[PDB]
Amino acid sequence: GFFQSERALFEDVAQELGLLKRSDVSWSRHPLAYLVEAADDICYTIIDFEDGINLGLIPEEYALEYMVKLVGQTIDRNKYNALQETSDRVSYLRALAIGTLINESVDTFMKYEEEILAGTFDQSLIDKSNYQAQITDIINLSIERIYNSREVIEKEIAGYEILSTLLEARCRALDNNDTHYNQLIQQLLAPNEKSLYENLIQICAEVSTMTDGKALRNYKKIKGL
Amino acid sequence: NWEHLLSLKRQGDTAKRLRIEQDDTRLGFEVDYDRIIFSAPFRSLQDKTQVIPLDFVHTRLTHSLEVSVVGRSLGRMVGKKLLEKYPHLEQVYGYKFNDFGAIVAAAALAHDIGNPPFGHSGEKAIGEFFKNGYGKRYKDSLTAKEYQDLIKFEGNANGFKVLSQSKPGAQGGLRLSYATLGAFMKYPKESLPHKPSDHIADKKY
Ligand SMILES: Nc1ncnc2c1ncn2[C@H]1C[C@H](O)[C@@H](COP(=O)(O)OP(=O)(O)OP(=O)(O)O)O1
Ligand SMILES: Nc1ncnc2c1ncn2[C@H]1C[C@H](O)[C@@H](COP(=O)(O)OP(=O)(O)OP(=O)(O)O)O1
Ligand SMILES: [Mg+2]
């Protein structure tokens, strides 16, 4: 969770908070970190599922079949059937699944409060919930048909190449700051005294700061395109 | 001696080409301007970078046109004042103040004719190709002086080569007057030694 250059700050934070020492330095999780993790888990699992459903890669039959126990004792069939567009029905199901998962996660967290506070809890809150087969099926379907689409693979390869050239250009500029081209690259990419490890981590952070469109434009205009 | 700097002979000649035996309608230095105007390297200058590559911002041709005018104005004043100082030039040989202006204008017009594209970065790229590129493979097969040129490519040398490039059927290239060639040369020295002093004429070759 942290680099070597931020060890002291996290040590101070841990010492103040009171996290239990486990070992190399290592501590125990904050329970609020468990809550954040569960919230984040429920969101991507449900939002990614519904996004795959509207974009044309997954049929509404899977939407209704895979989401039955989640929305079981919370749905009104008359209102569900009164809707016409698929988007409203999917939102309606998404709304009900999020509520029930929130309630179940709160109950699960309150079940294991002593174990979590003592640092002996070794799992998450979602994996200790009754509804797991449906979640696993949704995740597997998303992996099969959303993450393996041709456009996703093409964009990943393009990003793969763009980051590779950007990193090699930054490293070549950093190495020997003597030639005119290197000075030009330094003035363009990083126009704003440290050791080798900090220099590299700052380069990585600067690369991670750029957005998709900015990185694409920079890659095109460094190549004259 | 000023009678020798204002030479009118061209490459491949055998006569004397005296000043007093020429028609004032078309002077020899004006023929140089006419030849440079109609040349292809001069016409290619309209697509080359001054400061901002690739509007109302100047290119390499307008720049030359402006210099061709200012230098002509400077040279005409200078020639008028020399003739005022030296009276034998206009009494025995027959020189006029327009000669200096024409020579300087002709030299000014083609002073930036051999520069590589993209302005300042092109020469640096060409030089770095033979130093930190594949061209370093050719280092062992060339002498010190030849390798020096290649790793320190210059626009002045390229311009002189373009102006004096011999081809089958066209010996001497544009065949300009020797006075124009002398006025065009800014660094009358070879590539080695590299910067032997702080003089203005030995910074480059
Ligand atoms: N308890 C919750 N806390 C936070 N967000 C929630 C909760 N339940 C659902 N959400 C999400 C998904 C919902 O579509 C959206 C708005 O919630 P909300 O309007 O209360 O649900 P709903 O559409 O099921 O209404 P209703 O109470 O009529 O069943 O926020
Ligand atoms: N570092 C630079 N980056 C970009 N343009 C530059 C730079 N230095 C000069 N210029 C531009 C300004 C002028 O419009 C243009 C023409 O100048 P130039 O003739 O190349 O210079 P110079 O007088 O130093 O050359 P030289 O001594 O080789 O004849 O170059
Ligand atoms: Mg997240």
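Lettering of chains follows the sequences in order, A, B, ..., and the numbering in each one begins at 1.
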- Task: Quick one: closest heavy-atom pair of B/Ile36 and B/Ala106, and the distance?
- Result: CD1-O, 3.8 Å
- Closest non-hydrogen contact found for B/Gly75 with B/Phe100 is O-CB, 3.3 Å
- Could you check if a side-chain atom of B/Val31 sits within less than 4.5 angstrom of a side-chain atom of B/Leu27, using non-hydrogen atoms only? no
- Message: Assess the residue pair B/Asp32 and B/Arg10 against the criterion (salt bridge (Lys or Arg N to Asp or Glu O under 4.0 Å)); give the C-alpha distance rounded to whole Å, side-chain angles, the decisive distance to 0.1 Å, and a yes or no.
- Response: CA-CA 11 Å; B/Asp32 303 305; B/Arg10 307 174 156 154; 3.2 Å; yes
- Would you tell me whether B/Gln148 and B/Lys152 have side-chain atoms, one donor and one acceptor, within less than 3.5 Å of each other? no
- Aromatic plane relationship, B/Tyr134 with B/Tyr138 - under 30° parallel, 30 to 60° tilted, over 60° perpendicular: perpendicular
- Message: Could you check whether any side-chain heavy atom of B/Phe130 comes within less than 4.5 Å of a side-chain heavy atom of B/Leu142, counting everything from C-beta outward?
- Response: no
- Message: Restricting to non-hydrogen atoms, name the atom on B/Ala108 and the atom on B/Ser68 that form the minimum distance, rounded to 0.1 Å.
- Response: CB-CA, 3.8 Å
- CA sep, side-chain torsions, deciding dist, call: B/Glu66, B/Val70, side-chain contact (heavy atoms from CB on, under 4.5 Å): CA-CA 6 Å; B/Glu66 293 177 350; B/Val70 177; 5.6 Å; no
- Query: B/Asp112 and B/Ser64: side-chain donor and acceptor closer than 3.5 Å?
  - Reply: no
- Query: Are more than 12 heavy atoms from other residues, nucleotides or ligands located less than 6.0 Å from atom CG of B/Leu54?
  - Reply: no
- Would you give the length of the straight line joining atom CG of A/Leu64 to atom CD1 of A/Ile53, rounded to the nearest 0.5 angstrom? 10.0 Å
- Query: Judged by modelled atom types alone, do B/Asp149 and B/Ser191 share a side-chain donor-acceptor pair under 3.5 Å?
  - Reply: yes
- Would you call B/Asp34-B/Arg26 a salt bridge at under 4.0 Å N-O? yes
- Message: Any salt bridge linking B/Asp99 with B/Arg76? Criterion: basic side-chain nitrogen under 4.0 Å from a carboxylate oxygen.
- Response: no
- Query: Checking A/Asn140 side chain against A/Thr136 main chain: does a donor-acceptor pair fall under 3.5 Å?
  - Reply: yes
- Message: Heavy-atom count check: over 12 atoms from other residues, nucleotides or ligands less than 6.0 Å from B/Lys161 NZ?
- Response: no
- Query: So how far is it from A/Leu17 CG to A/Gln15 CD, rounded to the nearest 0.5 Å?
  - Reply: 10.5 Å
- Message: Nearest 0.5 Å, please: how far is CG in A/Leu216 from CE in A/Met210?
- Response: 12.5 Å
- Message: I want to check a possible cation-pi pair here: B/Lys80 against B/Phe97, using under 6.0 Å from ring centre and within 45° of the ring axis as the test.
- Response: yes
- Query: Rounded to the nearest 0.5 Å, what separation is found between the CG atom of A/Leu125 and the CD1 atom of A/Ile116?
  - Reply: 5.0 Å
- Geometric class of the A/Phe2/A/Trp27 ring pair [parallel <30°, tilted 30-60°, perpendicular >60°]: tilted
- Item | Test item: A/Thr211 and A/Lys214 side chains (from C-beta on) under 4.5 Å apart, heavy atoms | yes
- Message: Could you tell me if the side chain of B/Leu8 sits less than 4.5 Å from the side chain of B/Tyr178, heavy atoms only?
- Response: no
- Does the side chain of B/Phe160 reach to within under 4.5 Å of the side chain of B/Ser164, using non-hydrogen atoms? yes
- Task: Please assess B/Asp202 against B/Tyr187 for the test side-chain contact (heavy atoms from CB on, under 4.5 Å), listing each intermediate value before the final yes or no.
- Result: CA-CA 6 Å; B/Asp202 63 358; B/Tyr187 304 120; over 6 Å; no
- Task: Check for a donor-acceptor pair, side chain of A/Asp127 on one end and backbone N or O of A/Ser124 on the other, with a separation under 3.5 Å.
- Result: yes
- Item | Any side-chain heavy-atom pair of B/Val104 and B/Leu74 under 4.5 Å | no
- Query: Between the side chain of B/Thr180 and the main-chain N/O of B/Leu176, is any donor-acceptor distance below 3.5 Å?
  - Reply: no
- Taking all non-hydrogen atoms of both residues, which atom of B/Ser177 and which atom of B/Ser7 are closest, and how far apart? CB-O, 4.2 Å
- Between the side chains of B/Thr59 and B/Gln50, does any donor sit under 3.5 Å from an acceptor? no
- Query: At their closest point, which heavy atom of A/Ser105 faces which heavy atom of A/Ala38, and how far apart are they?
  - Reply: OG-CB, 4.4 Å
- Message: Using the ring centroid of each side chain, check whether A/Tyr112 and A/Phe121 are separated by less than 6.0 Å.
- Response: yes
- Item | Backbone N/O of B/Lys48 and side chain of B/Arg60: donor-acceptor pair under 3.5 Å | no
- Could you tell me whether a side-chain N or O of B/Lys189 sits under 3.5 Å from a main-chain N or O of B/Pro193, the two making a donor and an acceptor? yes
- Task: Could you check A/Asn218 against A/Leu188 for side-chain contact (heavy atoms from CB on, under 4.5 Å), going step by step and ending with a plain yes or no?
- Result: CA-CA 10 Å; A/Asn218 190 359; A/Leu188 173 79; 4.3 Å; yes
- Measure the shortest side-chain to side-chain distance between A/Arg89 and A/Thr86 over non-hydrogen atoms and say whether it is less than 4.5 angstrom. yes
- Message: Could you check whether any side-chain N or O of B/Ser73 sits under 3.5 Å from a backbone N or O of B/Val69, counting only pairs where one atom can act as donor and the other as acceptor?
- Response: no
- Task: Give the C-alpha distance, both sets of side-chain angles, the deciding distance and a yes or no for side-chain contact (heavy atoms from CB on, under 4.5 Å) between B/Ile126 and B/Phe129.
- Result: CA-CA 5 Å; B/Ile126 293 188; B/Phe129 172 83; 5.8 Å; no
- Okay, side chain of A/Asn81, backbone of A/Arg77: is any donor-acceptor separation there less than 3.5 Å? yes
- Does some side-chain heavy atom of A/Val207 sit less than 4.5 Å from a side-chain heavy atom of A/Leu167? yes
- Note on the structure: What one should report as the nearest heavy-atom pair of A/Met67 and A/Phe49 is SD-CE2, 3.8 Å
- Task: May I ask you to decide if A/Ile126's main-chain N or O and A/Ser129's side chain share a donor-acceptor pair within less than 3.5 Å?
- Result: yes
- Query: Could you state the interatomic distance from CZ (A/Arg94) to CD1 (A/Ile47), rounded to the nearest 0.5 Å?
  - Reply: 5.5 Å
- Item | Main-chain N/O of B/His58 paired to B/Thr62 side chain as donor or acceptor, under 3.5 Å | no
- Query: Side chains of A/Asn182 and A/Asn176: is there a donor and an acceptor less than 3.5 Å apart?
  - Reply: yes
- Would you say the side-chain atoms of A/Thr100 pair up with the backbone N or O of A/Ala97, donor to acceptor, closer than 3.5 Å? no
- Qualifying residues under side-chain hydrogen bond (donor to acceptor under 3.5 Å, both in side chains), relative to B/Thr49, sequence neighbours excluded: none
- Query: When rounded to the nearest 0.5 angstrom, what distance separates CG in B/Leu150 from CZ in B/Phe153?
  - Reply: 8.5 Å
